[PDB]
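Let me begin by presenting the structure, written as structure tokens, before commenting on it.
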Amino acid sequence: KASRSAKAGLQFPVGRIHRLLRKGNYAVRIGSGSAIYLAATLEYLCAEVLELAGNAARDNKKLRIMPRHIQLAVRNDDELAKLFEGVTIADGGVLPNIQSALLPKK
Amino acid sequence: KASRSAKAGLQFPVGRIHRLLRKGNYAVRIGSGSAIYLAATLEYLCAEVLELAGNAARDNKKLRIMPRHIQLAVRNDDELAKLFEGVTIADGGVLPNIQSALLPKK
Amino acid sequence: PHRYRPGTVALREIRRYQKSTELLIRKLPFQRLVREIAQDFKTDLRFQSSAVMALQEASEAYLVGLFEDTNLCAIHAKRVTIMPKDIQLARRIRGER
Amino acid sequence: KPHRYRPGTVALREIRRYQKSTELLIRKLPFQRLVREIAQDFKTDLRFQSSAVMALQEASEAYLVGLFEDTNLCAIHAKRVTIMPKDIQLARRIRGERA
Amino acid sequence: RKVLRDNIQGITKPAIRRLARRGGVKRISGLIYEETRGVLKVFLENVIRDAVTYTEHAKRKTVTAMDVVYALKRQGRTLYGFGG
Amino acid sequence: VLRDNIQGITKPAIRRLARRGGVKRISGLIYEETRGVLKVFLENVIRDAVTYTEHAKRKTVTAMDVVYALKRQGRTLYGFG
Amino acid sequence: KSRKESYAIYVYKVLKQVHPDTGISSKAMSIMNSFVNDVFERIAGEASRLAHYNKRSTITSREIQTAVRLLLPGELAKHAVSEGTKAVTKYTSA
Amino acid sequence: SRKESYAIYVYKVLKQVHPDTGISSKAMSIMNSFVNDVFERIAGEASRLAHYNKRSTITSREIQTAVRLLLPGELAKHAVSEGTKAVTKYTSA
DNA sequence: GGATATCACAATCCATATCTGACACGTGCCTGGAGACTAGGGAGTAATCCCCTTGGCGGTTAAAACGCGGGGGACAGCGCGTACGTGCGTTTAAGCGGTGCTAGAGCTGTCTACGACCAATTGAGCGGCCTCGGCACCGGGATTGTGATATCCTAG
DNA sequence: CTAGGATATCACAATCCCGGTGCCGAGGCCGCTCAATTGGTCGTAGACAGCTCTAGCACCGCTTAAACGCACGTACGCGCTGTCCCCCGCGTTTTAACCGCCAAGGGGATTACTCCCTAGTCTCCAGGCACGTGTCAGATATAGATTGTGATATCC
């Protein structure tokens, strides 16, 4: 038995996403391509976020992604900052940004 | 054959609200007490808005409710103003107000 | 001869336009602006004669709200003149760029 | 003469020290008591899970820091560095929290 | 069909004056207008695109008022008084 | 320093929150307004959380209830469910 | 011919019930109809989400009541809840 | 009782992207919640899109339009390209 | 000098024609909603086990609060200069109507392909546990950043 | 000479890098079980032709009201000073957060029965929409009255 994820070449599940879509009260019937396409987009977004988080973690000389790393990765990218416009990340801290006026004048 | 709107005493339709609920893909099955309750709440909200709009229209010596009157009634009541927090009313204008600092000093 | 001291005509305009509900931007210039903006995305579009009116109403409401916040920011700085820094600060606080 | 830092540099040092950690800035027990007395007014004798209070603390800390960023912007706008209650009120009234 | 260019200047300075007067502004600097002509030109570019996305999805070539209403509602800026 | 529990949010705690936010100098009247603002925010979140909890015929406020109450206000919280 | 539906007659009935001598314009009527549709959709969406949260498959009066208490704040929630409960009781008493 | 989260799949994606980088439990929970939130965003937008045109189905066209509406700018193009690639590879066995 | 007071002018509101587009009402008509009957499934109830939240005690011990001295910064004051509002005069798109035209919107008919359902099979994944390595504490030592201080220079 | 100012120089304290351990949370192996897949049918909805017809589009005649260009002056924003007063930074000590265990004991998740209500479908008949048509309250225009602002007159 070959799963639909294997045929589509995605890491994210296709059967589980299809079941969630069909048992989630979105439409009467749900096409076979919608689940695959949505799984592909979800996998792409997760890959982007994890790549940026890994870069941030390597910048701090660590080999484990923490919520702080994810906050740093998300808030240092325009597209992901727009996607995370109103989302709080637990235990993620804030970007280091001191205003120019507060800086020592001389 | 008395309509369900007459039994509950509500002016808003109960059968139409029930059909909209059932065909809007909100749940697989919908109880019969939801439609009546929702119709009652809709009727109360419409009655409140229309009452305030009519009071505003009388305040301006007019015998017909206009979008300007509805905007004035909505924004001159904190409860409905919060209910209309992010709502634009077409051809409604704004509340007549001038800040204190802009007013003449003497 | 006869002249109004600065501000009085401004107060008259403020009390007049706040009372009115009409549109403050002309129709043809806004329609041409909407068409040239939409030309970038999809070519050969055709706006209904009410979609342009809806866009005009939405844009006018958004600009009026922005100017209310800008006036608040200007009054905060102990001034009555709105400046581009005031608009920029208002848009930064509201959360859009 | 004992060493005494100029007024202001300690503030910048702790600003740099606190924008680097993810700890919880409000003490856990006082926040839990505040949450419990606030919830007491809506339903008598409510039980809070050990994670609901933590989630509330994280959300409130994020909200307060986000509000203080805009308060700082407003204070700098008026050619100041100190934040005063009028700055907080303006920052809240621009973004839409009527009170 | 004809191509349009340099029309943001069509939003004249008196129009911005009237818009600010409705918003309750007494004195206006000289550098507002240009800045405003930018801000407006962003708002439309953030709405019309969505409207176009809502139009070409239905295999249409007409941007009806309902598409614009849906695009505005998709931004927390619900507009009452245009169709449903 | 009890006065119920609202001064549980100690003045150094508000100073720490301001320092994290990026504030250099804080006035003396900031603390009362900050306490009031935090009390209002907590009231608004907890009312919705308690409504969600009592809708499900439970007496325990679950972390998921607070997550939903935050999601309802456009303040999505990641890390709790 | 199309048969597009709207709450026009019901809103007019309510207005005549609360203001016998006052009419209403067409643009204002469209505004009221849009507002009614928006509130109905918002309440129904919140109720459906609540039903999905508890894994319950039916939207009962409890879900709509809680949705109203969540969306409509302040004194409107109490009045709307009383109105809905009275209507439900009247219907159940035939 | 089972939880049915997205831990394994996010772990697989991270391992194929960064071979030598691990992920903490809190970060895994954050990523799971992020995937869920995006999934309901896209699904709700697709449902509203299907209901606007009186359609009673969610086809890949609807999910494509929802992706173009939610994801901002450069994310949308890459997402739609990879989704089209996945669909094409699936329909070709 | 300017501070108060007093009348004249432009803007606006209000009372009356008046004019008409706009709304309230009476007929088709047609379609959807209410009643009746049959079926099933979803949530209420009752019991049960155990899960996990709360109250209590207790020794730490680090945060905090009270005060005290100092400094720098927010505010009140003045001076100015510049730029923005107010009015005039003339030009120039705008709004409106009127016409014609052409693409695309909507609905009906038919074709087809495709997704839900149903059942049996099987393997992918979640909970459990077991082991291991990355992290945080901790202690030490460069490494600076900084506040105070000696050094040199210019007007009166 | 005498005073007051930038400028280069030194000792103190917090920061950051380099390891030495403890450990605690993450990576990896198993059980099995619950959900995904595969094979056929059906009825459904989406897709293709097409055919009216309907609304957006293009152009123009023109009336004129809004806009653009200028002169001018005045009122506000910017800038420089003094200051006092409010916050910062530091020292100490009382206090309240906190980690650790415990015993309830109140609440929550699960399961078996069930019965109440909600789903599916048909008739029909009455309510809601389309369509006209008559009545009127709002938009427009004058005309008179009231007011708010500004130029002018007198005094303290």
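Numbering starts fresh at 1 for the residues of each chain in the structure tokens, the chains themselves are lettered A, B, ... in the order given, and ligands are numbered from 1 as they appear.
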Residues of chain F within 8 Å of chain A, only C-alpha atoms counted, as a CSV table (one decimal) with C-alpha atoms, in the first residue's frame:
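The resulting file, result.csv, is reproduced below:
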chain,number,residue,atom,x,y,z
F,20,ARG,CA,12.3,45.3,27.8
F,22,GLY,CA,12.7,50.0,25.3
F,24,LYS,CA,14.9,54.7,29.2
F,74,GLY,CA,-6.8,39.0,17.5
F,75,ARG,CA,-4.0,38.1,19.9
F,76,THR,CA,-3.2,34.6,18.8
F,77,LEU,CA,-0.9,32.8,21.3
F,78,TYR,CA,1.5,30.0,20.1
F,79,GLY,CA,2.8,27.4,22.4
Produce a table with one row for each residue of chain I that has an atom at most 12 Å from any atom of chain E, each row naming the nearest atom pair and its distance in Å at one decimal; use only C-alpha atoms (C1' of nucleotides); arrange rows by chain and rising residue number; format as a tab-separated table.
residue	atom	partner	partner_atom	distance
I:83	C1'	E:30	CA	8.5
I:84	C1'	E:29	CA	7.4
I:85	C1'	E:27	CA	8.5
I:93	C1'	E:10	CA	10.7
I:103	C1'	E:61	CA	9.9
I:104	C1'	E:61	CA	7.5
I:105	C1'	E:60	CA	8.7
I:106	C1'	E:60	CA	12.0
Inset, instruction - May I have the residues of chain J within 12 Å of chain D, counting only C-alpha atoms (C1' of nucleotides), written as an NGL selection string? - result: :J and (11-15 or 86-90 or 96-98 or 106-107)
DSSP strand (DSSP E or B) residues within chain G, as a short mmCIF file (atom, residue, chain, number, x, y, z; two decimals) with N, CA, C and O atoms, in the first residue's frame:
data_model
loop_
_atom_site.label_atom_id
_atom_site.label_comp_id
_atom_site.auth_asym_id
_atom_site.auth_seq_id
_atom_site.Cartn_x
_atom_site.Cartn_y
_atom_site.Cartn_z
N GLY G 23 -40.42 56.76 8.34
CA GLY G 23 -40.08 55.90 7.23
C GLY G 23 -38.62 55.51 7.25
O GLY G 23 -37.94 55.60 8.27
N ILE G 24 -38.13 55.08 6.09
CA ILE G 24 -36.72 54.72 5.96
C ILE G 24 -36.34 54.82 4.49
O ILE G 24 -37.15 54.54 3.61
N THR G 58 -24.11 19.23 17.24
CA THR G 58 -25.37 19.94 17.12
C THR G 58 -25.25 21.34 17.71
O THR G 58 -24.66 21.53 18.77
N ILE G 59 -25.81 22.32 17.00
CA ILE G 59 -25.90 23.69 17.49
C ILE G 59 -27.24 23.84 18.19
O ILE G 59 -28.28 23.96 17.54
#
With chain B held fixed, move chain A onto it by a least-squares fit of all C-alpha atoms in order and give the output as a short mmCIF file (atom, residue, chain, number, x, y, z; two decimals) with C-alpha atoms, in the first residue's frame.
data_model
loop_
_atom_site.label_atom_id
_atom_site.label_comp_id
_atom_site.auth_asym_id
_atom_site.auth_seq_id
_atom_site.Cartn_x
_atom_site.Cartn_y
_atom_site.Cartn_z
CA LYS A 1 -50.78 26.97 8.71
CA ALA A 2 -49.15 28.92 11.54
CA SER A 3 -45.54 29.93 10.91
CA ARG A 4 -42.93 29.43 13.61
CA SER A 5 -42.43 33.20 13.76
CA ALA A 6 -46.08 33.60 14.75
CA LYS A 7 -45.72 31.05 17.56
CA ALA A 8 -42.46 32.62 18.78
CA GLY A 9 -43.89 36.13 18.49
CA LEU A 10 -40.94 37.51 16.52
CA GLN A 11 -41.02 39.78 13.49
CA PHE A 12 -37.85 38.32 11.99
CA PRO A 13 -38.30 35.03 10.09
CA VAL A 14 -37.50 31.72 11.75
CA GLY A 15 -37.79 29.42 8.75
CA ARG A 16 -35.52 31.54 6.57
CA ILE A 17 -32.91 31.87 9.32
CA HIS A 18 -33.05 28.12 9.95
CA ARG A 19 -32.56 27.44 6.24
CA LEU A 20 -29.64 29.87 6.06
CA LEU A 21 -28.04 28.23 9.10
CA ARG A 22 -28.50 24.72 7.71
CA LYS A 23 -27.38 25.65 4.17
CA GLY A 24 -24.48 27.77 5.45
CA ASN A 25 -21.99 25.04 6.47
CA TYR A 26 -21.95 25.66 10.22
CA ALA A 27 -22.78 22.25 11.72
CA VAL A 28 -24.02 18.84 10.65
CA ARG A 29 -27.37 19.27 12.42
CA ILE A 30 -28.98 22.39 13.85
CA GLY A 31 -31.45 22.45 16.72
CA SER A 32 -34.93 23.91 16.54
CA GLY A 33 -34.27 26.43 19.31
CA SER A 34 -31.10 27.91 17.84
CA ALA A 35 -32.92 29.49 14.88
CA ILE A 36 -35.58 31.02 17.14
CA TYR A 37 -33.03 32.33 19.64
CA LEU A 38 -30.82 33.82 16.92
CA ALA A 39 -33.85 35.47 15.31
CA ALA A 40 -34.75 36.98 18.68
CA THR A 41 -31.26 38.42 19.18
CA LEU A 42 -31.19 39.79 15.62
CA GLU A 43 -34.58 41.44 16.10
CA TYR A 44 -33.44 42.99 19.38
CA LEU A 45 -30.28 44.42 17.82
CA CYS A 46 -32.21 45.79 14.84
CA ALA A 47 -34.78 47.35 17.18
CA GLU A 48 -32.05 49.06 19.22
CA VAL A 49 -30.30 50.43 16.13
CA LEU A 50 -33.55 51.65 14.55
CA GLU A 51 -34.74 53.26 17.79
CA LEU A 52 -31.51 55.22 18.15
CA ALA A 53 -31.56 56.14 14.45
CA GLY A 54 -35.14 57.38 14.76
CA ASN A 55 -34.17 59.51 17.75
CA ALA A 56 -31.29 60.99 15.75
CA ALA A 57 -33.57 61.64 12.76
CA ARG A 58 -36.12 63.40 14.97
CA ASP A 59 -33.28 65.49 16.40
CA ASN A 60 -32.65 66.79 12.85
CA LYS A 61 -36.36 67.50 12.18
CA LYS A 62 -36.67 64.77 9.55
CA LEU A 63 -39.14 61.92 9.06
CA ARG A 64 -36.87 59.52 7.17
CA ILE A 65 -33.83 57.58 8.38
CA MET A 66 -30.74 58.19 6.24
CA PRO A 67 -27.24 56.69 6.53
CA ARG A 68 -26.12 59.86 8.32
CA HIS A 69 -28.76 59.24 11.00
CA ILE A 70 -27.57 55.65 11.46
CA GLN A 71 -23.95 56.80 11.75
CA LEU A 72 -24.93 59.40 14.35
CA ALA A 73 -26.94 56.85 16.33
CA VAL A 74 -24.23 54.18 16.26
CA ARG A 75 -21.27 56.42 17.08
CA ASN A 76 -23.12 58.14 19.96
CA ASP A 77 -23.64 54.93 21.97
CA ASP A 78 -20.84 53.06 23.73
CA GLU A 79 -22.24 49.55 23.23
CA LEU A 80 -23.06 50.07 19.56
CA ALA A 81 -19.76 51.85 18.96
CA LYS A 82 -18.04 48.76 20.35
CA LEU A 83 -20.20 46.53 18.15
CA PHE A 84 -19.37 48.76 15.14
CA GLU A 85 -15.70 49.07 16.12
CA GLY A 86 -14.30 48.46 12.64
CA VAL A 87 -17.29 48.97 10.33
CA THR A 88 -17.55 51.71 7.72
CA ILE A 89 -21.02 53.05 6.91
CA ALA A 90 -21.39 54.36 3.37
CA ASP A 91 -22.35 58.03 3.03
CA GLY A 92 -22.60 58.31 6.81
CA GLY A 93 -20.19 61.12 7.56
CA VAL A 94 -18.34 61.55 10.84
CA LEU A 95 -19.28 62.78 14.29
CA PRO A 96 -18.78 66.54 14.75
CA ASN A 97 -15.79 66.73 17.09
CA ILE A 98 -13.35 69.66 17.06
CA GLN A 99 -10.39 69.30 19.40
CA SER A 100 -9.93 71.73 22.27
CA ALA A 101 -6.52 72.96 21.10
CA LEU A 102 -7.92 74.09 17.75
CA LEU A 103 -10.63 76.13 19.48
CA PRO A 104 -10.13 79.92 19.70
CA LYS A 105 -8.04 80.68 22.77
CA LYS A 106 -9.88 83.97 23.38
#
Inset, instruction - Identify all chain I residues at most 10 Å from chain F by counting only C-alpha atoms (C1' of nucleotides); ligands do not count. Present them as a list in words. - result: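 The complete set of qualifying residues is residues 53, 63, 64 and 65 of chain I.
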Legend entry - Long-range neighbours of range 8-15 of chain E as a list in words, 8 Å cut-off, only C-alpha atoms (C1' of nucleotides), 2 positions minimum in chain: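 Counting only the stated atoms, we get residues 24, 25, 29, 30 and 33 of chain C; 6, 17, 18, 19, 33, 37 and 41 of chain E; 67 of chain J.
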Output N, CA and C atoms (P, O5', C5', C4', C3', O3' and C1' of nucleotides) for every residue in the selection just made, as a CSV table (one decimal), in the first residue's frame.
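File selection.csv, as written:
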chain,number,residue,atom,x,y,z
C,24,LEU,N,-15.8,63.8,-1.2
C,24,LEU,CA,-14.8,64.9,-1.2
C,24,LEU,C,-13.8,64.8,-2.3
C,25,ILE,N,-13.7,63.7,-3.0
C,25,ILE,CA,-12.8,63.5,-4.2
C,25,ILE,C,-13.7,63.3,-5.4
C,29,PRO,N,-11.3,61.5,-11.7
C,29,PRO,CA,-9.9,61.3,-11.2
C,29,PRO,C,-9.7,60.0,-10.4
C,30,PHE,N,-10.6,59.8,-9.5
C,30,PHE,CA,-10.5,58.6,-8.7
C,30,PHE,C,-10.7,57.3,-9.6
C,33,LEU,N,-7.5,56.7,-11.4
C,33,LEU,CA,-6.5,56.2,-10.5
C,33,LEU,C,-6.7,54.7,-10.2
E,6,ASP,N,0.5,58.5,-14.5
E,6,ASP,CA,0.5,59.8,-13.8
E,6,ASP,C,-0.9,60.3,-13.5
E,17,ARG,N,-7.3,68.8,1.3
E,17,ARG,CA,-7.7,69.8,2.3
E,17,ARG,C,-9.1,69.5,2.8
E,18,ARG,N,-10.1,69.2,2.0
E,18,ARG,CA,-11.4,68.9,2.4
E,18,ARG,C,-11.4,67.6,3.2
E,19,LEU,N,-10.7,66.6,2.8
E,19,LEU,CA,-10.6,65.3,3.6
E,19,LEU,C,-10.1,65.6,5.0
E,33,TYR,N,0.5,66.6,1.5
E,33,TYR,CA,-0.2,66.2,0.3
E,33,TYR,C,0.5,65.1,-0.4
E,37,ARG,N,-0.7,61.3,-0.9
E,37,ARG,CA,-0.8,60.7,-2.2
E,37,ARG,C,-0.1,59.3,-2.2
E,41,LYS,N,-2.3,55.6,-2.3
E,41,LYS,CA,-1.8,54.7,-3.3
E,41,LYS,C,-1.4,53.4,-2.8
J,67,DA,P,-11.3,71.1,-6.3
J,67,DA,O5',-10.1,71.6,-7.2
J,67,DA,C5',-9.9,71.2,-8.5
J,67,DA,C4',-8.8,72.1,-9.2
J,67,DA,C3',-7.6,72.4,-8.4
J,67,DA,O3',-6.5,72.4,-9.2
J,67,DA,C1',-8.6,74.4,-9.2
Inset, instruction - With a distance cut-off of 9 Å and only C-alpha atoms (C1' of nucleotides), select the neighbouring residues of residue 4 in chain C, excluding the residue or stretch itself and same-chain residues fewer than 5 positions from it, and output the selection as a list in words. - result: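 Residues meeting the cut-off are residues 9 of chain C; 86 of chain I; 149 and 150 of chain J.
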Legend entry - Interatomic distance (Å, one decimal) between CA of residue 20 in chain C and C1' of residue 92 in chain I: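 For CA of residue 20 in chain C relative to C1' of residue 92 in chain I, the distance reads 26.5 Å.
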Legend entry - chain I contacts on chain G, only C-alpha atoms (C1' of nucleotides), 12 Å, as a list in words: residues 1, 2, 3, 5, 12, 22, 23, 24, 25, 26, 27, 29, 55, 56, 57, 58, 59 and 60 of chain G
Since we have the selection now, will you write its residues out, keeping N, CA, C and O atoms, as a compact mmCIF listing (two decimals), in the first residue's frame?
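again.txt, written as the output of this step:
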# COMPACT_ATOMS: atom_id res chain seq x y z
N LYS G 1 -36.02 35.11 -14.33
CA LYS G 1 -35.98 36.17 -13.33
C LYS G 1 -35.39 35.68 -12.02
O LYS G 1 -35.64 34.55 -11.59
N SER G 2 -34.59 36.52 -11.38
CA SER G 2 -33.97 36.19 -10.11
C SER G 2 -34.90 36.55 -8.96
O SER G 2 -35.84 37.35 -9.10
N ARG G 3 -34.63 35.95 -7.80
CA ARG G 3 -35.44 36.12 -6.60
C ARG G 3 -34.54 36.39 -5.40
O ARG G 3 -34.61 35.73 -4.37
N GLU G 5 -33.09 37.58 -2.10
CA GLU G 5 -33.80 37.73 -0.85
C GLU G 5 -33.04 38.66 0.09
O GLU G 5 -31.81 38.76 0.03
N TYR G 12 -38.50 46.69 8.08
CA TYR G 12 -39.57 47.67 8.01
C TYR G 12 -40.63 47.41 9.08
O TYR G 12 -41.15 48.35 9.69
N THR G 22 -42.27 57.13 11.30
CA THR G 22 -40.98 57.31 10.63
C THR G 22 -40.82 56.29 9.51
O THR G 22 -41.06 55.10 9.72
N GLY G 23 -40.42 56.76 8.34
CA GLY G 23 -40.08 55.90 7.23
C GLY G 23 -38.62 55.51 7.25
O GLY G 23 -37.94 55.60 8.27
N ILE G 24 -38.13 55.08 6.09
CA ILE G 24 -36.72 54.72 5.96
C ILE G 24 -36.34 54.82 4.49
O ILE G 24 -37.15 54.54 3.61
N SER G 25 -35.10 55.24 4.24
CA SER G 25 -34.62 55.40 2.88
C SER G 25 -34.18 54.06 2.31
O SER G 25 -34.22 53.02 2.98
N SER G 26 -33.77 54.07 1.04
CA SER G 26 -33.34 52.83 0.39
C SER G 26 -31.90 52.49 0.73
O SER G 26 -31.58 51.33 1.02
N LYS G 27 -31.00 53.48 0.70
CA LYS G 27 -29.62 53.25 1.09
C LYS G 27 -29.52 52.86 2.56
O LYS G 27 -28.76 51.96 2.93
N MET G 29 -31.87 51.37 4.20
CA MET G 29 -32.41 50.02 4.28
C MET G 29 -31.36 48.99 3.89
O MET G 29 -31.25 47.93 4.52
N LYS G 55 -16.47 19.13 20.39
CA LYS G 55 -16.72 17.93 19.60
C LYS G 55 -18.20 17.60 19.48
O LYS G 55 -18.56 16.53 18.98
N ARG G 56 -19.08 18.50 19.93
CA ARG G 56 -20.51 18.30 19.78
C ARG G 56 -20.94 18.64 18.36
O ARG G 56 -20.49 19.62 17.78
N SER G 57 -21.82 17.80 17.80
CA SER G 57 -22.20 17.92 16.40
C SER G 57 -23.47 18.73 16.18
O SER G 57 -23.88 18.90 15.03
N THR G 58 -24.11 19.23 17.24
CA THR G 58 -25.37 19.94 17.12
C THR G 58 -25.25 21.34 17.71
O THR G 58 -24.66 21.53 18.77
N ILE G 59 -25.81 22.32 17.00
CA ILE G 59 -25.90 23.69 17.49
C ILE G 59 -27.24 23.84 18.19
O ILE G 59 -28.28 23.96 17.54
N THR G 60 -27.22 23.84 19.52
CA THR G 60 -28.43 24.01 20.31
C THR G 60 -28.59 25.47 20.69
O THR G 60 -27.82 26.34 20.26
Determine, using only C-alpha atoms, which residues of chain H have any atom at most 12 Å from an atom of chain G, and tabulate each with its shortest atom pair and distance in Å to one decimal place, rows ordered by chain and then rising number, as a tab-separated table.
residue	atom	partner	partner_atom	distance
H:40	CA	G:49	CA	11.2
H:44	CA	G:45	CA	10.5
H:48	CA	G:41	CA	11.3
Residues of chain J at most 10 Å from chain C: nearest atom pair and distance in Å, only C-alpha atoms (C1' of nucleotides), as a tab-separated table:
residue	atom	partner	partner_atom	distance
J:55	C1'	C:48	CA	8.6
J:56	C1'	C:46	CA	6.9
J:57	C1'	C:46	CA	8.7
J:66	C1'	C:26	CA	9.9
J:74	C1'	C:6	CA	8.0
J:75	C1'	C:6	CA	7.8
J:76	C1'	C:79	CA	8.4
J:77	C1'	C:79	CA	7.8
J:148	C1'	C:8	CA	10.0
J:149	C1'	C:4	CA	8.0
J:150	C1'	C:4	CA	7.5
J:151	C1'	C:2	CA	8.9
Go ahead and write the selection's residues with N, CA and C atoms (P, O5', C5', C4', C3', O3' and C1' of nucleotides) as a CSV table (one decimal), in the first residue's frame.
chain,number,residue,atom,x,y,z
J,55,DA,P,-28.6,46.0,-17.2
J,55,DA,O5',-27.3,46.5,-16.5
J,55,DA,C5',-26.3,45.6,-16.1
J,55,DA,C4',-24.9,45.9,-16.7
J,55,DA,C3',-24.5,47.4,-16.6
J,55,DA,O3',-23.1,47.4,-16.3
J,55,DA,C1',-24.5,46.8,-18.8
J,56,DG,P,-22.5,48.6,-15.4
J,56,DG,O5',-21.0,48.8,-16.0
J,56,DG,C5',-20.2,47.7,-16.1
J,56,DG,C4',-19.2,47.8,-17.2
J,56,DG,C3',-18.4,49.2,-17.3
J,56,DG,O3',-17.1,48.9,-17.7
J,56,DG,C1',-19.7,48.9,-19.3
J,57,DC,P,-16.1,50.2,-17.7
J,57,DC,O5',-16.1,50.5,-19.3
J,57,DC,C5',-15.9,49.5,-20.2
J,57,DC,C4',-15.8,50.1,-21.6
J,57,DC,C3',-15.0,51.4,-21.7
J,57,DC,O3',-14.2,51.5,-22.8
J,57,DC,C1',-17.2,51.6,-22.7
J,66,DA,P,-17.8,73.7,-6.6
J,66,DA,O5',-16.4,73.0,-6.5
J,66,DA,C5',-16.1,71.8,-7.2
J,66,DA,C4',-14.8,71.8,-7.9
J,66,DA,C3',-13.6,72.1,-7.0
J,66,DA,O3',-12.5,71.3,-7.3
J,66,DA,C1',-13.6,73.7,-8.7
J,74,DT,P,-0.9,91.5,9.5
J,74,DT,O5',-1.4,90.4,10.5
J,74,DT,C5',-2.1,89.2,10.0
J,74,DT,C4',-1.5,87.9,10.6
J,74,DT,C3',-0.9,88.1,12.0
J,74,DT,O3',-1.1,87.0,12.8
J,74,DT,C1',0.7,87.2,10.5
J,75,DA,P,-2.4,86.9,13.7
J,75,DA,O5',-2.5,85.3,14.1
J,75,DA,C5',-2.5,84.4,13.0
J,75,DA,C4',-1.5,83.3,13.2
J,75,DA,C3',-1.1,83.0,14.7
J,75,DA,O3',-0.9,81.7,14.8
J,75,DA,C1',0.8,83.6,13.5
J,76,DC,P,-1.1,81.0,16.3
J,76,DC,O5',-0.5,79.5,16.1
J,76,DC,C5',-0.5,78.9,14.8
J,76,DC,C4',0.8,78.4,14.3
J,76,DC,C3',1.6,77.6,15.4
J,76,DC,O3',2.2,76.5,14.8
J,76,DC,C1',2.9,79.4,14.7
J,77,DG,P,2.4,75.1,15.5
J,77,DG,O5',3.8,74.6,15.1
J,77,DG,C5',4.2,74.6,13.7
J,77,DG,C4',5.7,74.8,13.5
J,77,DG,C3',6.6,73.9,14.5
J,77,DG,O3',7.7,73.4,13.7
J,77,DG,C1',7.0,76.2,14.8
J,148,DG,P,-22.8,83.4,18.5
J,148,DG,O5',-21.4,83.4,17.8
J,148,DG,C5',-21.0,82.6,16.7
J,148,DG,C4',-19.9,83.2,15.9
J,148,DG,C3',-18.7,83.7,16.7
J,148,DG,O3',-17.5,83.4,15.9
J,148,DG,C1',-19.7,85.5,15.4
J,149,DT,P,-16.1,83.7,16.6
J,149,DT,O5',-15.5,84.8,15.6
J,149,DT,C5',-15.5,84.6,14.2
J,149,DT,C4',-15.1,85.9,13.5
J,149,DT,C3',-13.9,86.6,14.0
J,149,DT,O3',-13.1,87.0,12.9
J,149,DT,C1',-15.7,88.1,14.0
J,150,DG,P,-11.5,87.3,13.1
J,150,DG,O5',-11.4,88.8,12.6
J,150,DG,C5',-11.8,89.2,11.3
J,150,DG,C4',-12.2,90.7,11.3
J,150,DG,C3',-11.1,91.7,11.8
J,150,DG,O3',-11.0,92.7,10.9
J,150,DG,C1',-13.2,92.1,12.9
J,151,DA,P,-9.6,93.4,10.7
J,151,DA,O5',-9.9,95.0,10.7
J,151,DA,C5',-10.8,95.5,9.7
J,151,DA,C4',-11.6,96.8,10.3
J,151,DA,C3',-10.7,97.9,10.7
J,151,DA,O3',-11.2,99.1,10.3
J,151,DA,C1',-12.0,97.2,12.5
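For the choices H:79, H:7, H:50, H:93, the atom-to-atom distance to chain E is smallest for H:50 when using only C-alpha atoms.
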Inset, instruction - Choose the residue, out of I:40, I:73, I:67, I:32, that has the smallest atom-to-atom separation from chain B; count only C-alpha atoms (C1' of nucleotides). - result: I:32
Legend entry - Interface residues on chain I facing chain B, 9 Å, only C-alpha atoms (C1' of nucleotides), written as a PyMOL selection string: chain I and resi 32-35
